[PDB]
Number of protein chains: 2
Amino acid sequence: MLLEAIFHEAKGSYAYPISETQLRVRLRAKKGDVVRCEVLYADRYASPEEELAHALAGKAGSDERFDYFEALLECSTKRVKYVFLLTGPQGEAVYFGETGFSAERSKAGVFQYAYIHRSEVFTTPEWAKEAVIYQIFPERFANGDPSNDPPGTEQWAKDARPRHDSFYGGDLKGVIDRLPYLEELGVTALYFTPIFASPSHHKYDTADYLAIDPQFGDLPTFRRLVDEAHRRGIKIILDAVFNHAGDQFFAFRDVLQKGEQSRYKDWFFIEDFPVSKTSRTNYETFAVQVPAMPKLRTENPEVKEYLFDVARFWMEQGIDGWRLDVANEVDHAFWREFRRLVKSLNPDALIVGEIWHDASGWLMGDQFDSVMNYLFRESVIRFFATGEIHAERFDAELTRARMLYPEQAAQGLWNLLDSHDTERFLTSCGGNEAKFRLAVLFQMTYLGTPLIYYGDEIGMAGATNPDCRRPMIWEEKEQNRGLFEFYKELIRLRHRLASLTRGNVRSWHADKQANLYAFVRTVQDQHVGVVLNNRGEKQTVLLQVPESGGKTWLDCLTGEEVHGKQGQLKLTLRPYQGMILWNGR
Amino acid sequence: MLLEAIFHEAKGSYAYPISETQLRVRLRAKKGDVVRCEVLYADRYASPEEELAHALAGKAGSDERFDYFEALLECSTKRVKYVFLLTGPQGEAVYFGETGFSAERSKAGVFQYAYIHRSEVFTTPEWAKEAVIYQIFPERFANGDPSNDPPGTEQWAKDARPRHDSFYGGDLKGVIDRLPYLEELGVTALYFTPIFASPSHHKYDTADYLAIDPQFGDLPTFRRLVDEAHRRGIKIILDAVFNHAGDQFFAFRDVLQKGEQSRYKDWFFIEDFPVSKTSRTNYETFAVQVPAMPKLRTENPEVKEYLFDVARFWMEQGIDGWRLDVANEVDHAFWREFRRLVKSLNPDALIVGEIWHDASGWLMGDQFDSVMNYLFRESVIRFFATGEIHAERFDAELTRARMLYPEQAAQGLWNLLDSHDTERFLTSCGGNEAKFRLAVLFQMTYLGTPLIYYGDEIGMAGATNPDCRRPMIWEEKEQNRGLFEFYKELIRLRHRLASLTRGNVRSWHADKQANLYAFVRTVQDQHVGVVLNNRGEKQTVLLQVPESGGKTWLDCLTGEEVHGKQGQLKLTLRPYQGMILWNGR
Ligand SMILES: [Ca+2]
Ligand SMILES: [Ca+2]
């Protein structure tokens with residue numbers, strides 16, 4: 001075998017505890033290069049003569065070029081040393097240890113996970129493990145209070161097409177009035193984009209972190225919203241913009257006024273005074289040359305303390321978690337301490353980051369609970385919407401992403417289809433509802449946290465920002481109720497099937513020709529197989545199914561009862577049809 | 001090329017800053033697969049159609065199976081995205097990014113290092129960068145005060161062969177009385193094994209963390225040592241045993257007496273009560289079944305606070321750093337807060353850990369400054385002492401270890417030859433001084449921090465514990481002055497040639513047949529080539545030397561001047577001779 005392609009490290013996503021006495025370990029090798037992977041381990045202090053314990057590492061999946069093997073080590077002592085025994089296709093075996101590879105175990109050396117502290121077991125909120133989150137763009141969800149509308153608010157109609165500076169009067173009172181709707185849909189949490197006081201239309205340039213923007217509401221109204229959503233089993237998540245503040249931020253206006261005499265000058269990154277200019281700026285900002293968005297020096301104990309007080313203030317209002325913005329530009333110490341603060345105030349408070357690249361450095365257990373799964377969106381777009389990739393590629397991309405972080409993070413990843421900054425998924429599907437639905441069926445049954453973008457559940461369409469920010473369609477006759485019921489049904493199933501929320505995922509079938517993909521979610525003895533026929537054709541397929549997993553399944557969507565004969569399940573799907581097979585366990 | 005063998009990650013030891021605006025990046029590939037490696041990068045927010053900056057990554061080294069390439073990216077914005085352009089032996093051009101590999105730059109995507117925070121730039125003490133540590137085993141270094149000598153103390157002679165429980169009376173007073181000796185040698189720091197009050201001989205079972213053990217001295221004496229050492233340019237490093245306390249530790253004593261009613265019961269890991277019994281332990285301890293060494297619950301904020309106070313106490317006494325014992329069994333948060341505390345009280349205080357496996361998790365810059373380089377010792381023993389490995393294997397071992405951590409850590413790793421727990425290195429060489437000297441020559445000119453084990457510089461020998469803990473030989477007649485002068489000479493050169501302390505490392509020559517190995521240390525325009533003839537035979541070697549780095553060199557050990565002709569240098573080395581060639585720059 002090709003040893004230079006084999007990999008493992010005793011940390012990060014390849015070695016991490018799931019409990020105080022259990023260490024999950026993962027190893028990758030060139031695809032098809034390793035047939036069997038066994039882990040020989042023992043307590044780090046075991047005598048050089050004691051027998052080692054064996055752990056067969058099953059193949060958790062494979063992507064474009066790699067095979068992923070996964071094992072679980074039982075370490076009652078909370079300390080462990082281990083070596084891998086790898087067997088190739090033609091029987092050649094080799095031990096893989098910290099020292100390297102060798103036919104002899106001793107020369108291979110041994111990896112070591114020094115100690116498993118309970119405080120370092122990646123732990124996330126139970127409710128978030130089976131949540132369905134709904135993204136609200138407040139300005140356009142519901143206008144419950146016309147008296148707070150910005151000057152020049154345009155009419156709220158379906159035939160409306162938002163402009164970069166449009167206004168429709170969306171506010172918090174509206175969200176309250178429409179909570180019955182959200183409860184009926186079945187969402188377990190609402191995620192709001194910035195709603196703190198800001199002079200701009202987007203609100204990403206914060207003026208007052210301790211106040212709701214007047215056009216959206218005020219503290220009393222926000223408290224009501226929190227309480228009304230809670231009694232309806234709906235949690236509240238706010239968007240925290242701690243990387244940078246607005247130019248109206250009290251601290252920044254002070255610097256603009258007193259210059260180098262300001263007591264808050266070190267709360268920012270200023271090259272030279274005075275602080276301003278035309279098309280020019282002498283201080284670090286969000287992105288490049290964005291005057292209204294001066295970057296905050298979070299490394300400053302004073303800045304950190306202030307933002308932490310902001311965090312305390314809103315959590316005291318009863319919110320259930322945070323969605324960080326440009327989190328990757330704030331230092332790690334801030335995030336480690338942020339988690340400590342947040343969790344000490346509310347163990348169930350969720351911390352979600354938004355990072356457009358490998359976020360492993362933030363998903364170890366000491367910082368964020370999860371991040372936006374942009375990888376999930378890209379794979380769903382190219383597979384169900386544009387058709388740029390086929391079932392096998394789809395499978396590879398999905399698997400590769402899955403092996404990116406520890407299972408506690410991957411299990412809570414926010415799986416979005418679109419957002420206020422992208423075209424609506426329906427439009428990506430060119431208006432084809434059959435493709436749109438197949439994608440939602442996948443989203444609702446895949447590993448991670450489903451995130452619904454307001455309006456998608458009733459079939460709203462739209463081009464990217466700002467056309468994706470149209471006023472929510474509330475007229476029932478104008479809503480796609482067929483779709484609405486589809487979402488509600490998928491949501492109900494997800495809550496009733498433990499494997500869809502707390503189960504693992506394994507690819508079941510992948511056919512590039514028929515463009516059909518199937519996977520299985522598993523929890524204990526329960527198995528739920530999802531088969532997706534992503535073709536505008538009636539296709540038939542043969543799936544492998546050993547009696548151990550059962551011989552009878554039930555399609556939770558149609559009630560049909562399928563039967564496997566001789567370890568095979570014959571299925572015939574309609575164009576863009578998806579089946580959700582439950583093994584009755 | 002084997003694409004599944006190529007590696008890089010935008011963090012850890014493969015992507016890290018060396019300053020606020022410079023990012024060091026490393027890429028691993030199967031040896032020989034890549035002949036040229038370039039990096040195309042830009043600010044993360046740069047426009048697509050914007051021209052990318054170029055950075056050539058030279059081959060930093062190779063080990064048994066891989067080539068390691070290294071480049072330096074200039075990032076004025078402190079934000080960078082990048083993709084590698086790898087060229088193979090046949091001229092194939094493949095791009096490598098976060099997405100994967102592709103013949104097209106766009107399809108390979110880019111890695112991203114979100115933001116470089118100055119507080120995240122790995123920083124170590126300046127004095128530690130060019131230090132020479134001397135390990136002192138107090139009981140055997142010098143008996144300065146017989147009044148504190150424990151009962152049964154033996155004689156202090158060369159022919160004294162220590163027993164497991166022998167005594168000689170070494171103490172702090174003795175250290176002070178011998179400071180002139182240590183100053184002459186040229187050591188800049190003293191590393192002491194545990195010396196806090198303990199009822200055992202070894203003192204690893206701390207009874208009182210706030211007191212010097214009576215057999216070694218008292219606080220007034222310790223202070224005197226700190227001051228007298230300091231005015232001698234000698235710093236003091238203490239052994240911190242924070243993973244576990246002794247059974248005499250006040251908190252544990254209270255638990256043994258008040259059991260379940262004990263106020264400090266949660267300061268330890270107790271299975272059941274009563275907290276103890278005959279020959280049996282019901283609480284977690286160091287290693288396995290060591291009743292005298294109860295494990296401390298450093299996760300308990302109260303335990304952390306106490307241990308932090310302990311650190312404050314000794315730092316107020318003027319010490320310059322800590323050598324942590326069993327540090328990998330203490331939680332990470334503890335070490336991060338420890339560093340924060342230690343650096344706040346004294347930015348120049350050093351923190352060294354001891355971990356017998358990949359310590360990358362503690363060497364990111366937020367925890368330890370460095371760790372003992374056990375790999376260095378293993379490589380020097382097999383190459384210089386036992387001859388189990390030849391020059392090429394030796395080269396590979398060094399390179400592999402060198403690429404384990406970021407440069408800031410690698411530069412300060414303690415490169416020891418032996419310790420109180422191993423046989424004397426001279427003994428490892430079977431008494432062959434010629435081999436012993438070549439290893440020392442190497443130790444004194446290689447990357448890292450040289451650590452002298454008391455007595456090695458005067459020719460002391462001995463088998464492992466306790467024969468390696470023999471009474472220090474103080475009779476000049478009994479001391480190997482020739483060797484002493486050799487050490488002193490090497491130490492002077494190290495302090496005068498900046499490249500030997502702050503320069504990088506590049507293998508220069510490695511021949512498995514001649515068993516000759518050479519490397520070059522480089523800083524600014526200065527180049528110091530170290531040539532090692534590790535064979536009992538006069539040999540000649542032709543080394544490659546492009547005129548760019550100079551054409552004339554001076555052997556700093558003999559005064560001999562060598563000249564290169566047409567890019568080549570002909571050197572004739574005597575049996576086990578090492579040369580230290582300075583390029584006059
Ligand atoms: Ca309104
Ligand atoms: Ca004494």
Side-chain angles (χ1 to χ4, degrees), chain A residues 2-7 9-12 28-31 33 43-47 63-66 77-79 81 98 100-101 109-115 117-120 243 269 284 286-288 298-299 326-334 336 340 355-361 366 400, chain B residues 2-7 9-12 28-31 33 43-47 63-66 77-79 81 98 100-101 109-115 117-120 243 269 284 286-288 298-299 326-334 336 340 355-361 366 400:
Chain A
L2 304 181
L3 310 179
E4 293 84 0
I6 300 178
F7 176 93
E9 53 176 356
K11 71 176 183 297
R28 71 169 181 269
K30 190 189 174 72
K31 185 177 187 174
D33 208 50
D43 170 59
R44 293 177 50 242
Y45 291 82
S47 183
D63 64 12
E64 180 85 338
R65 38 190 77 273
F66 294 100
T77 71
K78 296 180 291 177
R79 331 197 216 77
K81 62 177 177 171
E98 183 170 75
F101 311 79
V110 58
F111 287 104
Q112 298 189 53
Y113 201 84
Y115 199 95
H117 292 89
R118 69 189 65 184
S119 61
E120 296 184 350
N243 178 66
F269 284 85
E284 208 175 322
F286 163 75
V288 186
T298 58
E299 291 164 285
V326 202
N328 53 348
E329 305 196 20
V330 169
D331 60 295
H332 290 92
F334 181 99
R336 290 201 189 85
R340 174 176 62 187
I355 300 162
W356 309 126
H357 56 96
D358 193 314
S360 65
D366 63 9
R400 179 192 172 70
Chain B
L2 189 57
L3 302 181
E4 292 82 3
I6 301 178
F7 184 80
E9 58 185 340
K11 69 177 191 299
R28 185 204 309 154
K30 179 190 180 65
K31 194 169 183 180
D33 267 16
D43 168 56
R44 288 179 52 240
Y45 295 81
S47 170
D63 64 14
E64 283 284 349
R65 303 165 177 290
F66 310 85
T77 60
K78 298 178 294 181
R79 310 175 307 203
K81 62 180 179 180
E98 182 166 84
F101 306 84
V110 297
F111 287 101
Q112 294 195 63
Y113 199 86
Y115 198 90
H117 287 94
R118 67 157 59 60
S119 65
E120 258 165 42
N243 175 260
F269 290 86
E284 215 183 313
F286 168 69
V288 186
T298 60
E299 286 167 284
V326 190
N328 53 175
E329 287 178 43
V330 169
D331 59 297
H332 288 102
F334 175 97
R336 267 183 291 246
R340 202 232 295 170
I355 289 152
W356 311 128
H357 56 288
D358 188 310
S360 58
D366 63 8
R400 195 198 194 214

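Letters go in sequence order (proteins before strands), and every chain restarts at 1.
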Colleague: Heavy-atom distances under 4.5 Å only: say whether A/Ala287 touches chain B with side chain, backbone, both or neither.
Modeller: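 Both backbone and side chain.
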
Colleague: Non-hydrogen atoms of chain B under 4.5 Å away: do they reach the side chain of A/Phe269, the backbone, both or neither?
Modeller: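 When you check distances to chain B, only side chain atoms of A/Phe269 fall under 4.5 Å.
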
Colleague: Out of curiosity, A/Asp331 CG to B/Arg118 CZ, how far, rounded to the nearest 0.5 Å?
Modeller: 11.0 Å

Colleague: Please classify the contact between A/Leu2 and chain B as side chain, backbone, both or neither, with a heavy-atom cut-off of under 4.5 Å.
Modeller: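 The answer is the side chain of A/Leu2.
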
Colleague: Using 0.5 Å steps for rounding, measure from the CD atom of B/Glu4 to the CZ atom of A/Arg65.
Modeller: 5.0 Å

Colleague: Which bit of A/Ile355 comes within less than 4.5 Å of chain B, counting heavy atoms only: side chain, backbone, both or neither?
Modeller: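 For A/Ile355, neither part sits under 4.5 Å from chain B.
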
Colleague: Counting only non-hydrogen atoms closer than 4.5 Å, does A/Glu98 touch chain B with its backbone (N, CA, C, O), its side chain (CB onward), both, or neither?
Modeller: both

Colleague: Run the side-chain hydrogen bond (donor to acceptor under 3.5 Å, both in side chains) test on B/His332 and A/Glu120 for me, step by step, so that the C-alpha distance in whole Å, both residues' side-chain angles and the decisive distance to 0.1 Å come before the verdict.
Modeller: CA-CA 8 Å; B/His332 288 102; A/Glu120 296 184 350; 3.3 Å; yes

Colleague: Counting only heavy atoms closer than 4.5 Å, note whether A/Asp33 contacts chain B via side chain, backbone, both or neither.
Modeller: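 A/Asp33 has no heavy atom closer than 4.5 Å to chain B.
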
Colleague: Does any part of the side chain of A/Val288, heavy atoms only, come nearer than 4.5 Å to the side chain of B/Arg79, both counted from C-beta?
Modeller: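 Side chain of B/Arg79 against side chain of A/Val288, heavy atoms only: contact under 4.5 Å found.
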
Colleague: Does any backbone or side-chain atom of B/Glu284 lie under 4.5 Å from a heavy atom of chain A? Answer side chain, backbone, both or neither.
Modeller: side chain

Colleague: Determine the option with the most heavy-atom pairs under 4.5 angstrom with chain B, choosing from A/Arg400, A/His357, A/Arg28.
Modeller: A/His357

Colleague: Is it the side chain or the backbone of B/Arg44 that comes within 4.5 Å of chain A heavy atoms, both, or neither?
Modeller: side chain

Colleague: B/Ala333 versus chain A, heavy atoms under 4.5 Å apart: side chain, backbone, both or neither?
Modeller: backbone

Colleague: Identify the heavy atoms of A/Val326 and B/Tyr45 that sit nearest to each other, and give their distance.
Modeller: CG1-OH, 3.9 Å

Colleague: If you count heavy-atom pairs under 4.5 Å with chain B, which of A/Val330, A/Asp366, A/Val110 comes out on top?
Modeller: A/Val330

Colleague: State, to 0.1 Å, how close A/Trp356 and B/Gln112 come at their nearest heavy-atom pair, and which atoms those are.
Modeller: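 Shortest heavy-atom contact: O-NE2, 3.3 Å.
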
Colleague: Nearest 0.5 Å please: distance from the NE2 atom of A/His117 over to the CD atom of B/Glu329.
Modeller: 8.0 Å

Colleague: Tell me, side chain or backbone of A/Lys31 under 4.5 Å from chain B's heavy atoms, or both, or neither?
Modeller: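 When you check distances to chain B, no heavy atom of A/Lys31 falls under 4.5 Å.
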
Colleague: Taking side chain as everything from C-beta outward and backbone as N, CA, C, O, which of these in A/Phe7 sits under 4.5 Å from a heavy atom of chain B? Side chain, backbone, both or neither.
Modeller: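 The answer is the side chain of A/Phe7.
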
